[PDB]
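Okay, so here's the structure we're looking at.
Chain naming here is simple, since letters A, B, ... match the order of the sequence lines and numbering starts at 1 in each. Note that ligands are numbered from 1 as they come in the structure, with each ligand's atoms numbered from 1 the same way.
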There are 2 protein chains.
Amino acid sequence: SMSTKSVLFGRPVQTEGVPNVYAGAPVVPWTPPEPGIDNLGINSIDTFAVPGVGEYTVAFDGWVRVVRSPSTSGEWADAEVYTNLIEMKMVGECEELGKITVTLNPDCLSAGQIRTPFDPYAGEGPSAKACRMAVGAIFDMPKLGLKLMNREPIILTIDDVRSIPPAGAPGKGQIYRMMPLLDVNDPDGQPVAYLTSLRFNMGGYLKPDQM
Amino acid sequence: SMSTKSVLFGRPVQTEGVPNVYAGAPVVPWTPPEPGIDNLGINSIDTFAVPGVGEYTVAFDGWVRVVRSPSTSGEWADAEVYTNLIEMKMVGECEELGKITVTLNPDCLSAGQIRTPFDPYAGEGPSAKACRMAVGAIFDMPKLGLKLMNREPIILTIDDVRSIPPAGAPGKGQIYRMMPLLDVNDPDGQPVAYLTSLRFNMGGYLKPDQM
Ligand SMILES: CCCCCCCCCCCCCCCC(=O)O
Ligand SMILES: CCCCCCCCCCCCCCCC(=O)O
């Protein structure tokens, strides 16, 4: 494999020789872009269930860096783009759980793709694409003295994709009822908590000093 | 991890010394069972999208072997059970795709759990549990000269669980729009096909010679 990661959640994408894209760069709709690493803002709302203890909803803000493969075509209708999520930092705060910092698990390749869906029956603009990303994350919860991780990838989706990157777009975590979160120090143990829902919005390109 | 597999989709469960359970063994509702390996029938209906070629719906029949951990309690309400899917074989056939045989990917630990949901549905009541399994599979398609595998786990769920095992129960694959299926001989390549939907039914205990 082209990846050194121990667990791959999708297709590896090269970053060497791929330029970073920052604020100032246009987002042109319906246009397959040249390969780049998108430096993008993001916010989310995450709900966590702690068995026998409680359920907590936490708002997060931060950024992601996502490398894109070259498009498989210069024509939008045929174009596919493969992505890797290569760096993240999101922060949120909560009285009960403290300050939570979400980053990537270095043992996992977080990977996704953008392509025409097989079920274009959702009211999306004509020709719009579907974006997905499968993520291995770390949830640092210092107030609880814990760091948590997921073995099952968190599936994050953006529908009605009319530009790449889909700046400004709303997305969802596809979690059916519960997603186990494991103590990094006891990953073969019982889950410590469950992520029960996640919604997010993409922002736009950031300046380097905003990260 | 105590599991030697390179990709872990959940919690490992002990199999050594755990007896097999076969037809004849009763399934009494509301009763956490002693640890065992359930030998169960199963059927499913799977839809596959092959880009630029077609979409095909195929019915499968076969069996699964699922090991259960000891229950965390002898009282149903408190009981949780952890599971691993340790062996399977399902077969279906389709003119365009040929005979398809589904087995486990030996590199992946397929793992799940049964516990009370945090969000019980109106038709579940406060006593029913929810069952989930995260699966790494192989799809053998000799007609096409290919074997395919998934990197994102196939999330298989059963709601309104009132017995363990949930013999006879309907279940669903929680696949959002598309699940990439990769050539085992080109696993970092573009997907060959996508699993776009899956539903299944659990059968009951099988005789040893029915597998
Ligand atoms: C545990 C919470 C994780 C949230 C992390 C956000 C996931 C990434 C956002 C959705 C996919 C991003 C797609 C951008 C693709 C592109 O750069 O063109
Ligand atoms: C293409 C993938 C097909 C996979 C088919 C799913 C196999 C059945 C697993 C569903 C959960 C099993 C629950 C049984 C639990 C128990 O033994 O008590």
Classify the side-chain pair [X]/[Y] by whether it contains a donor and acceptor separated by less than 3.5 Å.
{"X": "B:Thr47", "Y": "B:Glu55", "answer": "no"}
{"X": "A:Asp61", "Y": "A:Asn43", "answer": "no"}
{"X": "A:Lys129", "Y": "A:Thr116", "answer": "yes"}
{"X": "B:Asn20", "Y": "B:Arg65", "answer": "yes"}

Side chain to side chain donor-acceptor pair (under 3.5 Å) partners of residues 66-76 of chain A, not counting sequence neighbours, each pair once: A:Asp38-A:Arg68
Just the distances, no angles: every ligand 1 N or O to protein N or O pair closer than 3.5 Å, one line each.
unit_1	atom_1	unit_2	atom_2	d
ligand 1	17 (O)	A:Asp38	OD2	2.6
ligand 1	18 (O)	A:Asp38	OD2	3.3

Decide side chain to side chain donor-acceptor pair (under 3.5 Å) for B:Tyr82 and A:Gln190; before the verdict, give the C-alpha distance in whole Å, the side-chain angles of both, and the deciding distance to 0.1 Å. CA-CA 9 Å; B:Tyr82 291 85; A:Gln190 289 205 29; 2.9 Å; yes
